[PDB]
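> This one is an experimental structure. Sequence first:
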Amino acid sequence: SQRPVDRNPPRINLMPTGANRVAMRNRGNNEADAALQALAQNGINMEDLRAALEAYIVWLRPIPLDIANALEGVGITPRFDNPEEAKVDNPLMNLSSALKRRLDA
């Protein structure tokens with residue numbers, strides 16, 4: 001007997017201690033990654049949410065109410081308090097970076 005298909009799976013390592021919030025976290029890449037994946041399961045497509053926020057970071061184009069409220073749900077603010085600060089310090093700039101790099105890498 002044999003198996004023609006096999007796959008030969010990678011033996012995964014151990015996960016960190018704690019519960020829920022320790023795995024996803026909320027700071028920089030942590031808040032960004034947790035946010036976008038939460039948007040995807042809420043139904044907001046990766047391309048749409050990123051297009052909205054990135055256009056607000058670059059062109060200063062307001063985020064549509066659907067994506068905007070979805071961001072407020074995942075803890076991100078779809079506003080520009082001060083455009084100079086909100087291009088660098090903004091949770092949206094972490095969302096644009098994390099979402100682009102999970103596609104770009």
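Noted; the coordinates are in hand. Residues are numbered from 1 along each chain as shown.
> Regarding the residue nearest in space to the middle of the chain, what is its secondary structure?
In the chain, the residue lying closest to the centroid (C-alpha atoms, centre = their mean) is residue 36, at 2.6 Å. State at residue 36, reduced to three classes by DSSP: H, G, I helix; E, B strand; the rest coil: helix.
> Just give the closest residue to it, not the sequence neighbours.
The shortest distance from residue 36 to any non-neighbouring residue, by C-beta to C-beta, 6 or more residues apart in numbering, is to residue 99 (5.0 Å). For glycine as for every other residue, the C-beta is placed from the backbone atoms N, C-alpha and C.
> Show which residues not belonging to stretch 30-47 make contact with it.
For stretch 30-47, contacts defined as C-beta atoms under 8 Å, 6 or more residues apart in numbering pick out 24-26, 49-50, 66-67, 70-71, 73-76, 91, 94-95, 97-99, 102-103.
> And the buried ones among those residues, selectable in ChimeraX?
The ChimeraX selection below is limited to those of the contacts of stretch 30-47 classed as buried (16 or more other C-beta atoms under 10 Å):
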select :49,50,67,70,71,74,76,91,94,95,97,98,99
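> buried stuff in stretch 17-36?
For stretch 17-36, using 16+ other C-beta under 10 Å, the buried residues are 31, 32, 33, 34, 35, 36.
> Tally up the residues packed near the closest residue to residue 83 other than its chain neighbours, please.
Distances taken as C-beta to C-beta, 6+ apart put residue 60 closest to residue 83, at 6.2 Å, once the chain neighbours are dropped. Residues contacting residue 60 under the criterion other C-beta atoms under 10 Å number 11.
> before we move on, could you check phi and psi at residue 60?
Here is the backbone geometry of residue 60 (degrees, to the nearest 10): phi 70, psi 40.
> so how far is the helix or strand in which residue 69 is found from its chain's centroid?
Using DSSP states H and E, residue 69 sits within helix 65-73. Relative to the chain's own centre, helix 65-73 is displaced by 13 Å; criterion: C-alpha atoms, centre = their mean, to the nearest Å.
> Thanks a lot, catch you later.
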